[PDB]
Amino acid sequence: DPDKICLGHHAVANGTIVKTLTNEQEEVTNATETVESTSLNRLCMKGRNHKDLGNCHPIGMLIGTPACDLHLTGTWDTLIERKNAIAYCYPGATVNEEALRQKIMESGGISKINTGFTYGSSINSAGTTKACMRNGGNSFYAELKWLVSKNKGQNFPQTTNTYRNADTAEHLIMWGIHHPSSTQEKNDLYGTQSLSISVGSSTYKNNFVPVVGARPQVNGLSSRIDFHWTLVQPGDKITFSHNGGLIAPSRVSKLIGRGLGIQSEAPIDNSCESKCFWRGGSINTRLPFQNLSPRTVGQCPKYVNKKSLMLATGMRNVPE
Amino acid sequence: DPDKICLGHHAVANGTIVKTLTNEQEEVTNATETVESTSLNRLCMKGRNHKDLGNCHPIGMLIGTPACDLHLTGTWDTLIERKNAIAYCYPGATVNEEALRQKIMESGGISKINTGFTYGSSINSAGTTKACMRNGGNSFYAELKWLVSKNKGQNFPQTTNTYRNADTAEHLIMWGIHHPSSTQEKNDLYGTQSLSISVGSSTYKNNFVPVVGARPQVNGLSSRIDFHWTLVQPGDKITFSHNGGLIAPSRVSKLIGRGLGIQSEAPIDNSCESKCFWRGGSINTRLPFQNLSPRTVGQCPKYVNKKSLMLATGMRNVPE
Amino acid sequence: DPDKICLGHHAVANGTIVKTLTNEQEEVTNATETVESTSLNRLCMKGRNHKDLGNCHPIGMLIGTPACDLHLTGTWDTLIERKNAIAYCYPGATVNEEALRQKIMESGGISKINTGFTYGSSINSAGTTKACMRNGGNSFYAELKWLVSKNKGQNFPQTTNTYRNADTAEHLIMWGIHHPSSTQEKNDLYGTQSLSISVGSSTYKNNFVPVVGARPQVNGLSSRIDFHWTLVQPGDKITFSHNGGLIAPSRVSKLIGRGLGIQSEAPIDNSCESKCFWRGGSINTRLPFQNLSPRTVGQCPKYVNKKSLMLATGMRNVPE
Amino acid sequence: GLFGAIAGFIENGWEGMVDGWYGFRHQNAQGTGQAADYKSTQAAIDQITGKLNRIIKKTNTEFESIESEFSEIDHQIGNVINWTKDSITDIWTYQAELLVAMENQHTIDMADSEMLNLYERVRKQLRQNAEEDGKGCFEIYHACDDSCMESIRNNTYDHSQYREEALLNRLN
Amino acid sequence: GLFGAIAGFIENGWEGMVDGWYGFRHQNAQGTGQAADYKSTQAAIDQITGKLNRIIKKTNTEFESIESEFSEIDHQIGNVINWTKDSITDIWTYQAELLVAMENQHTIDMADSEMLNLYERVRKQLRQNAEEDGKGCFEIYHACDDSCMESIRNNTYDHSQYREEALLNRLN
Amino acid sequence: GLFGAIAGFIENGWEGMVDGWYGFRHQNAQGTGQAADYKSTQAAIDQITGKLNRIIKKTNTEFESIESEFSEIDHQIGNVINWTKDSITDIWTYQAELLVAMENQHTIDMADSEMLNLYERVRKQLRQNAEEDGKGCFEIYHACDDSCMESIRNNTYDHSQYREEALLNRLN
Ligand SMILES: CC(=O)N[C@@H]1[C@@H](O)[C@H](O[C@@H]2O[C@H](CO[C@]3(C(=O)O)C[C@H](O)[C@@H](NC(C)=O)[C@H]([C@H](O)[C@H](O)CO)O3)[C@H](O)[C@H](O)[C@H]2O)[C@@H](CO)O[C@H]1O
Ligand SMILES: CC(=O)N[C@H]1[C@H]([C@H](O)[C@H](O)CO)O[C@@](OC[C@H]2O[C@@H](O)[C@H](O)[C@@H](O)[C@H]2O)(C(=O)O)C[C@@H]1O
Ligand SMILES: CC(=O)N[C@H]1[C@H]([C@H](O)[C@H](O)CO)O[C@@](O)(C(=O)O)C[C@@H]1O
Ligand SMILES: *[C@@H]1O[C@H](CO)[C@@H](O)[C@H](O)[C@H]1NC(C)=O
Ligand SMILES: *[C@@H]1O[C@H](CO)[C@@H](O)[C@H](O)[C@H]1NC(C)=O
Ligand SMILES: *[C@@H]1O[C@H](CO)[C@@H](O)[C@H](O)[C@H]1NC(C)=O
């Protein structure tokens, strides 16, 4: 009998379920994901002046391990370390190792400056090894010299070598201590005298006594070349007091600017761009969260313990 | 005059006060607590393969202090350290002590593997002390041997003992250095000549010179047995070079899986179950917060600086 | 034609823009800032028993550098370290330096107790230097003595000095090792004879061998004097074995209670009060946030990455 | 409140009403009588139930101890931990003070709504056969027995069935 | 809902209505016909658009790695990091579970409102020339052609222009 | 808004109204006149006051410094602290952007409600003696002097006292 005008809202038959403060099963018209569950298997170095190290380890770059020969210097914005990366041709490890890598990884580039260090000819600074092969012949860390006495058994001469920071930004000086397998080896290179190696700067003081005695064999060698390091401040000197058994720098390293360090196993792609990376590769989502890995680097969605958080982008769906 | 129908809401006489975005004194029908203020005086090890150490300290387990004799090996899911727990019958402390405990408490169990180490009979590896009593007789750390010379005053023979990791997961090798009260004690066991102890692995290098000279008395003794440690990697050797004064391992320890470490003073209860623990015992509340202690362990309500947060479970209460 | 009554809301012509869940340009009647963007150029030490150190560095207080002379002891609730603050008149550096200052800055005061140490008159404990000037004349660290032989060239007598903690709370004993520039200096005070300095307590053991040989020149003096330290427990002794070249404490330091440490470059003001401080000075806002610096100390608004968060304190503004 | 129903145009609540949250009170020829409305009373409960389900929950994140209750940990690392924790503890204190406060505001106003929702449902049933007295009652302009009343509460009442009788009593 | 419009006094939604969110259905002399209301449908979208923009965002904070994926980090520091992280990750899990849950509740009820807001806008246009049927329609008590209907949807309909005709049909 | 009162069916607000937030404007035989409603204007303020009490607050947490502003701290531990901090700073940035944004939405809509709450209170007073014009006014269908108007604003106005006079003017 009477004319009518009706008010109403749209709907669909296949509507999405979301969670609210009250309902955990609330059905709505349209919704969207906020947690990214999908990764890229690749690193995305588009618009990035990046450097992939391959089997070169960041440390190796400053000391010049055979592998890192291509990575002694350069400028970039992204450093990419890899698994089992080689930093030590000759057995040993860097004291305060982790700290160094992290400093190198956050660095944007490497300059090298020469120490200039020269030694009297009672000393053999050309000292090479089988452990660090180069052109199918014995060689050493490019940025270090192996100092041994010229005449086998002769006591190593007391020397003093001192580097001055000529540049106006701080340099990173690296050196090594040699530990002999047995006193036979010790005396054959540095002599019977007990050795003491003193390093000094305005901000650094340290004494190193090489230790003799066998370890297990690694590449035919039970002897170790451990390395230490420090920053030398601009317009400052670092002095090397040694009786022998000091692996001396031929080169100080200078870390240029800053860059993003990605520890990954994934291949590069320069077609692809990103600001977020993890072991398993790149993450590009405009989304605000992700459940891939709590180990991310760069500008990244926050890791959450939720598979899915569905955000309603539409009204309650009430079906016919 | 005209019939009428009224609509309304319920109430009560004893209503609770809660806080909203606007009102700090808002009265409502029913409410509930969200902050748990009450604890259990006990640890709740129902459905837990737990090990209470009593006065055994975790470190003691790896070296075999008298107390820890019952806890030399085993598998569990929950480790329970206690106050003043004894790790050192004979005076001394472990170098890098805290790190070790934390590693043991994170661990779910302990395997022991034998070093196999044997010594020529110029050496006395049965060397016991009053400090570590066992069956009303002098004894020593079960997992270590006291190496002294057989003839009082005779110089201790140069020995080399080397452990190989047979297993496919890393082992934890522990040893001790002995520091003599005076040179009389030093020479009576190891001789007059100065002693040097070198330990070596693929990942470890270290030299130890025992130091003579009196400390204060502790259990009638001013002499010290400090311990050191390292992880020995699978298919690897650790070599012990010593002139004497080395307390050598008879046993390497291996930490099995992972487990929950509770530092508590509360007694056990196997009737009671929980996922949360602190000094003062268990916390079982379904509640999402707690103000008991910011030092909790396991799946736990978040510590907050609120005595009470009352959550409204009902409408505005208005009485007549 | 019929009389009418209207309902309506207030408004203004200059209304503020805020952000809501839906609108990022929502105009409202009144609003307020929640992020404080303005700082005080000054430190606000009203109602604070504070000590400004000026060019005294906290460490210097315990050894007694010329600068720190006014700050050898005292009690406070607020310590204020400054830039380039002087801790060592005579060239050198403290081993474990940073740890010490943090412990001093955490502390709310300093007591000094006398060691009592006396020496046979073959020894000169009045040893002064040009590096530490006082009353226009050569002097030394007030809390230390320079021990040299009385007769120039004579070998320094074997001495044993031992401090006992009389007090019932732990004391902080500091000392120094002096390294002669060359053997000429070495022999003029102690002679050619090799020197060895042993320090011992119930919880501390350490041996220090002075090293001869020239370093970079600092204030006309190539020789460097380094310091070490340890806590001595109540009712305990610390024993000093030395052949010479030990800079001995005349005074142990004791840290009283706890206090707030401000690293600032700003001047003091005792008219002004605050609970929050940073490099650039005080922060007083009732406000709940701030964008000044993420390095704050005390009870502080939380650092945020927003210039401004405008909180609506009124309704939608709709103008005529 | 937001909806003005509860602690609003409804003077107050009914201590007498112990069989629900939201209800009716008719007075007619027969006389007075009270009865609760389950369908609305339930909706409000069901919603708070759901809140409690969401809110009364801790994580299943196993946290290992980084502070020794017996041993003393390094002062540099320990200072970091103390700060890291106190900053976490400060967040959770806040994140909670907000959760409860917000859920409290919503709980209240949600109830407030489920009342107005009833009043409006009923008003629209009674159509032109009744008038709003401004205190959350409808003065019915026709004879309404315990049969007719239970027909309102049951949402079965038909306006047309009393419409003429009512409209006449109204214009008078 | 809160506003009772959606999943409330409106029995259900209109799968047919694919040209908007909120709309009309008249039946009259000329015959039936559907049409969506843009101005309201847009307001709800514009609001969700705004929700999404703010919600679908990460920070501009460049994070260095503090965990070596290849090297093994010290057990003391590593345990601290694991705890620091797991506690951060536990917050963001919560800060999100709540953000989405709350924003979902608001989105729903916001829509709910923009419906009631239409009903009320229209009710106030139709003044005394129609009556609420309680299912979200107005029985119009006068002749209303496709001209008159489009005048309601266009918010141009004038009650006075049909007022007498309607008021008479109503009192009968 | 949510309630449609403010920036909704009310065209706009009253720059003239400086004695409150919510108020009335009558025109009658006597002529025009404005006056604010305290009880509602206060309720909205009292609620924002309470918000400010909650929001304008820092903790009572004493923070010792874990970063030396002059000295350089170990690079491994320092990098951890930088991350720990930047993660905390990222939370509080977010936790705040949300607090303000949500409280802003609620502040607005809370005001929106306290308006509609007034309109509805008044509509229910005027009963059948007036009609909604759709712009937030009531055309009163009887003679209403500054006595009668102040009786509405005072919530004392009695419909029965003008009911017949009004009902007749209405049907005409
Ligand atoms: C010093 C020397 O020439 N020794 C001869 C040995 O090379 C060799 O026996 C084998 O020696 C291996 C170690 O040889 C090097 C190496 O690491 O490659 C040779 C290096 O050139 C030498 N250093 C320098 C500066 O030239 C280097 C070094 O001095 C280190 O002490 C090594 O730790 O040693 C390795 O031990 C083999 O397993 C071993 O059998 C034989 C040649 O038949 O004669 C040695 O005199
Ligand atoms: C306690 C003491 O021996 N003080 C000496 C001081 C130290 O021995 C020295 O600084 C080494 O640590 O030497 C003082 O003179 C050093 C001074 O000798 C001059 O002849 C020379 O011209 C100067 O460059 C400088 O080497 C000193 O004041 O430092 C004297 C002091 O009594
Ligand atoms: C192996 C050995 O030397 N054992 C003896 C020790 C050590 O000489 C001192 O403890 C030096 O630290 O001293 C004892 O008197 C003791 O503690 O009972 C006897 C013990 O058998
Ligand atoms: C109030 O609510 C609590 C928690 O929801 C419930 O368990 C309890 O039975 C109620 N108690 C009273 C006295 O109302
Ligand atoms: C952390 O707080 C506890 C409370 O007793 C205190 O004892 C401890 O030393 C604090 N640590 C630091 C390093 O400030
Ligand atoms: C933390 O931020 C500051 C910015 O000056 C940087 O210089 C500092 O070193 C950072 N910490 C580390 C270890 O990178």
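Residues numbered from 1 in each chain as written, not as in the entry; some residues may be left out. Chains lettered and ligands numbered in written order. Heavy atoms only, no water. Residues with missing side-chain atoms left out of burial classes, pairs and counts.

Looking at the PDB entry, chain D carries the name Hemagglutinin HA2, with the source organism given as Influenza A virus.

Chain A carries the name Hemagglutinin in the PDB entry, which gives Influenza A virus as its organism. Quoted verbatim from the Subcellular location (unreviewed entry) field of UniProt, the annotation for chain A is "Host apical cell membrane". Check the Subunit (unreviewed entry) section of the UniProt entry for chain A; it says "Homotrimer of disulfide-linked HA1-HA2." (UniProt positions renumbered as here; feature names shortened; annotations may be inferred.)

### Brief notes about the nonpolar core
Counting 58 residues, the largest nonpolar core has A:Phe289 and F:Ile88 as the members making the most contacts within it. For this core, the elements supplying multiple residues, two or more each, are α3 (75–126) of chain D, α3 (75–126) of chain E together with α3 (75–126) of chain F. Here this core takes 10 residues from α3(E), the largest share from any one element. Every residue in contact with F:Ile88, bar those within four places of it in the chain, is listed here: D:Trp83, D:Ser87, D:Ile88, D:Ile91 and E:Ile88. A:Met105, A:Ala131, A:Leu144 and A:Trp175 belong to the second largest nonpolar core, which has 56 residues in total. (Core = buried A, V, L, I, M, F, W, Y, C linked by side-chain atoms within 4.5 Å. Buried < 20%, exposed > 50% of the residue type's maximum accessible area, 1.4 Å probe, protein only. Helix = DSSP H or I, 4+ residues; strand = E, 2+ residues; numbered from the N terminus. Contact = heavy atoms within 4.5 Å.)

### Remarks on helix α4 (residues 146–153) of chain F
Listing the buried residues of α4(F) in full gives F:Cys148, F:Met149, F:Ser151 and F:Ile152. Relative to the axis of α4(F), the buried residues are bounded by an arc of 155° and lie together on one face. Its buried side turned inward, α4(F) meets β1 (4–9) of chain C together with β1 (22–27), α3 and β4 (137–140) of chain F. Just beyond α4(F), the residue with positive phi is F:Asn155, at close to 55°. (Arc of directions from axis to C-beta.)

### Digging into the site of ligand 5
Neighbouring ligand 5 are the residues D:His75, D:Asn79, D:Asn82 and F:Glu64. Mapping the residues near ligand 5 onto chains gives chains D and F. Here an oxygen atom of ligand 5 and a side-chain polar atom of D:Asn82 are 2.6 Å apart. The contact in question runs from an oxygen atom of ligand 5 to an N or O atom on the side chain of F:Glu64, over 3.1 Å. Burial of ligand 5 by the protein amounts to 39% of the accessible area it has alone, namely 360 Å². Taken together, the residues of the shell around ligand 5 sort by class into no nonpolar, three polar and one charged. (Near = heavy atom within 4 Å. Polar contact = N/O pair within 3.5 Å; in protein donor to acceptor, adjacent residues only side chain to side chain. Areas by Shrake-Rupley, 256 points an atom, 1.4 Å probe, with all protein chains shown as cover. Nonpolar A, V, L, I, M, F, W, Y, C, P; charged D, E, K, R; others polar.)

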